[PDB]
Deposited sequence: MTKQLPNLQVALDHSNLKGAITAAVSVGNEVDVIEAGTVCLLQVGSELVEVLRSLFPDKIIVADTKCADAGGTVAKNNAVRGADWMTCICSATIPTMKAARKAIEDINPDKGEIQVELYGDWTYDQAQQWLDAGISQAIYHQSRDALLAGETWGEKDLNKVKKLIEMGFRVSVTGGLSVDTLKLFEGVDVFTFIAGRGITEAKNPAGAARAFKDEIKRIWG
């Protein structure tokens, strides 16, 4: 079944912790968003790990460089997955993958954040480098779905994000989407917990 993921893009610590706590049990994956990490730093990751010793935890660093160092700094905090921006060189991605695998051999992975003009040849390089997650951001239609389908076809576990709603999941019917990332659709609600069960309920209806 497609994972439900919550992205915490709050500009402060309390916002991220409060949303995480109110939706934690309704979701599969918890993501410390980039906006948030740039504000509060990496301790946030260790807090999420303590609150959710079993959840999958994402450190959304959008790493462009010093991959071994950034990957390491977040892995010691308890992160399972870290994002690298697609414009990171292959050596950066491999340095990052190596480090998250050393600290976290259980679950350590890199996910590629897809921004601007990337290519399928680049996509093949990521795969050849041991990296098979990619995150596809909804365009700001069929042009998007085809990109998602092709990335799946190539061997990626594909996460999709960018304005989602409990009612716009059926648009992905028959697609092997690995993870749905909901941010604001949950992190403003309320009964965010219920909003999140809603999302998870729809996924169940459509993929069960």
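Engineer: In sequence order, what intervals of the deposited sequence carry no C-alpha positions?
Structural biologist: Residues lacking C-alpha coordinates: 1-4, 145-153.
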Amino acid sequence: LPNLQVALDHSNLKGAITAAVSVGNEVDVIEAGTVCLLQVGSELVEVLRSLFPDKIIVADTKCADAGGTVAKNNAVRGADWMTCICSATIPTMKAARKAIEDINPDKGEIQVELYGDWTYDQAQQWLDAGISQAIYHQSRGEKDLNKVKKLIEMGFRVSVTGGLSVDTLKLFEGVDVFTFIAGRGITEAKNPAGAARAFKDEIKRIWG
From here on, numbers count along this sequence of modelled residues.
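Engineer: Quick check: 69-77 versus 88-96, which has the larger average CA B-factor in the record?
Structural biologist: Looking at the record's C-alpha B-factors, the answer is 88-96.
Engineer: Between 141-149 and 44-52, point out the one with the higher average CA B-factor as the PDB entry records it.
Structural biologist: Comparing averages over the C-alpha atoms only gives 141-149.
Engineer: Tell me which of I181, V175, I57, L37 tops the list for C-alpha B factor in the record.
Structural biologist: Each of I181, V175, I57, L37 was compared by C-alpha B-factor; the highest is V175.
Engineer: If you rank the chain by CA B-factor, which third does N25 end up in: lowest, middle or highest?
Structural biologist: Its C-alpha B-factor belongs to the highest third of this chain's values.
Engineer: Consider only the C-alpha atoms of the modelled residues in this chain, order them by B-factor as the entry records it, and name the third containing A198: lowest, middle or highest.
Structural biologist: According to the entry, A198 has a C-alpha B-factor in the chain's highest third.
Engineer: Would you please rank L13 by its C-alpha temperature factor against the other modelled residues of its chain and give the third it falls in: lowest, middle or highest?
Structural biologist: Its C-alpha B-factor, which the entry lists for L13, ranks in the lowest third among residues of this chain.
Engineer: Determine, from the deposited record, the chain-internal third of the Cα B-factor for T168: lowest, middle or highest.
Structural biologist: According to the entry, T168 has a C-alpha B-factor in the chain's highest third.
Engineer: Would you mind ranking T61 by its C-alpha B-factor against the rest of the chain and naming the third, lowest, middle or highest?
Structural biologist: It falls in the bottom third of the chain.
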